[PDB]
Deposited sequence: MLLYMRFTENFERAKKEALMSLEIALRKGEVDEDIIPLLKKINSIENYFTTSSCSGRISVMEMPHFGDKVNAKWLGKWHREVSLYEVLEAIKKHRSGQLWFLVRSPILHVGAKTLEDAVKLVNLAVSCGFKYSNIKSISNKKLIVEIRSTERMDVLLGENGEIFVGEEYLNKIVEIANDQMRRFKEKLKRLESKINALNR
């Protein structure tokens, strides 16, 4: 590690990140929910954004938990029991899981001080799992993430273990968590202005 090299390389790193975002947007590959937030972060002089996401609910099958797998259903919105049931109907092999995951934002910072300021702001907005993920000679990345999540086993190798009542309760909680993620992202967007 070369001290202060990421600061020296910041202008370059930001320009490259902006080009990547510009194309991603025009290609319709960015979760629309957080497009406003990403544009806002990039409008602040000492930061830029890299690959990010706004939260997800998924019905997927994998050999063993943690070994991320095949997505039968993937949503970054709240879902209905119908949508989930349609995904479940496709289950054939491995462990079938219903997963809820927090949004994840990766942000480059010009200095260590800028990074710590952002981490502290993110935590204040409800993203307790925010921190400095990496420091290299090219850039310093801050990761913003929340603690909410769910991992429910739905079946294994074609067999389904749950019924409609339990599935209804799981979807209810899942949608509550998704609602919280969306609320926290909007809160962060409104407060990042303080970074100036």
Note to self: Against the full deposited sequence, which stretches does the structure leave out?
What the structure shows: 1, 70 to 71, 200
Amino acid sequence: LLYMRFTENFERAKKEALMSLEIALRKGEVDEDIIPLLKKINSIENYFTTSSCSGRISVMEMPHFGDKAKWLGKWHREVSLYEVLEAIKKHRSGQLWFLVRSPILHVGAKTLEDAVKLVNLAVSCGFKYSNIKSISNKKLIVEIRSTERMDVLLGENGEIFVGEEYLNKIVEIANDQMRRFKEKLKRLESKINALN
From here on, numbers count along this sequence of modelled residues.
Next item on the list: State which stretch shows the higher mean Cα B factor in the entry: 27 to 35 or 162 to 170.
Entry: 27 to 35
Note to self: I need to verify one thing: averaged over C-alpha atoms only, is the B-factor higher for 92 to 100 or for 75 to 83?
What the structure shows: 75 to 83
Notebook entry, point to check: In this PDB entry, which of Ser52, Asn131, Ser43, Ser134 has the top CA B-factor?
Noted result: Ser52
Margin query: For the chain shown, is the CA B-factor of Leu188 in the lowest, middle or highest third of its modelled residues?
Written below: lowest
Notebook entry, point to check: Once the chain's modelled residues are ordered by C-alpha B factor and cut into thirds, is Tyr47 in the lowest, middle or highest one?
Noted result: lowest
Notebook entry, point to check: Looking at the C-alpha B-factor of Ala69, is it in the lowest, middle or highest third of its chain?
Noted result: highest
Check: Ranked by Cα temperature factor within the chain, is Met60 in the lowest third, the middle third or the highest third?
Finding: middle
Check: Mind checking which third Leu18 falls in for C-alpha B-factor across the chain?
Finding: middle
